Every structure is written in structure tokens, then in C-alpha cells.
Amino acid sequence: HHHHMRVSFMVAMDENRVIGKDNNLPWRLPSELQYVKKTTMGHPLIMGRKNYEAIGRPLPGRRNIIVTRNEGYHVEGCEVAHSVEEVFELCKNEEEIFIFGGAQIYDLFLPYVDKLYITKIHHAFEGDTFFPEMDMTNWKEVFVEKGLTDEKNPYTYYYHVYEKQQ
């Protein structure tokens, strides 16, 4: 609408939409992370404050934008926004931005998502944090591929990309 960048979600979730456990990731898939790095590289990452602090460091090659209500919050090598609109202001001339989680930030940007890069992990983890439900009416799957399952990547998972039609 009023904003001009493509708003993409980047997320990995399990069979029951779990994305987190005890303020961390419930699984380790190095190959899935490499897919994430390659796809997001050169584009802003929009992160909830909690998500960012668990990561602990600016992710290289991308604008790191942290979303917080804390008006005195500052991190070296990162930009801080306090609302959806402030993100939109900081990113006004960007081609595409990646909403990178976690759940509160996914909920925040849900009315604006144009494109969904969702990895689906075929396992039911114990967890406390969930990706929001989405009505996929007027969305089309434009990419799907099986993830690498091996000794280092011990679950079955698929990369999916959906694009909003309206």
C-alpha cells in the first residue's frame, strides 16, 4: 500500500508451527541456516529484540534492524526501530526486507506480508513460541524443495516460498 518495499517473512517451523523453545531454537540445521544466509544476504533483517539478543551479534552483509519499545536501546552495528512505521521509514528505498522473527515481530508485520519463505520441519518439537496462523487464500506456492537430511542435519524438512496474489 503506502510502503514500497516487498515485505518478506523468513521463518522455519515444525509440524505444529513451533519456532522456539526457552528463548532459543529447538533444532540445529546448519544446511537450513546456509539457505537463510544465501536468501537474505544483501537485504535488511527485521528482528524482535528477544530474537536479536539470542543471536548476540550483527549478522554480516545485511542491515540489522532491531524492533523494541525501549527508546534508549542501542546496539553497535545495528539500527533500532520502535514501530512498524519506523521500520518502513528506515527501509523506504529498499527492494525487499526480511521479517526474521520472532513470534511477536511476526504478529506485528502480519498485515503487511507479501511473500513467505517458510521452511517446514517434519517433526513435532517441544516448544513455547509459535509462528502465527495464516490464511493462505490468495497465496500461491512458487517454490518448493526438499532440504538436505544427513548426519549434520538430522530432520526431514522442506523449503517453501509463497507469494501473495492480492
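When you see a residue number, it is the position in the sequence shown, counting from 1.
> Is the mean CA B factor in the deposited entry higher across 43-51 or across 133-141?
Per the PDB record, 133-141.
> Could you say whether, by C-alpha temperature factor, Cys91 belongs to the lowest, middle or highest third of its chain?
CA B-factor rank for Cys91: middle third.
> Considering only modelled residues of the same chain, in which third does the CA B-factor of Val36 rank: lowest, middle or highest?
Middle third by C-alpha B-factor.
> Relative to the other modelled residues of the same chain, rank the CA B-factor of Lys115 and answer lowest, middle or highest third.
Tercile = middle for this residue's CA B-factor.
> So where's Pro60 on the chain's Cα temperature factor ranking, which third?
Highest third of the chain for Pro60's C-alpha B-factor.
> Looking at the entry's B-factor column for C-alpha atoms only, identify whether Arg17 ranks in the lowest, middle or highest third of its chain.
CA B-factor rank for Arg17: lowest third.
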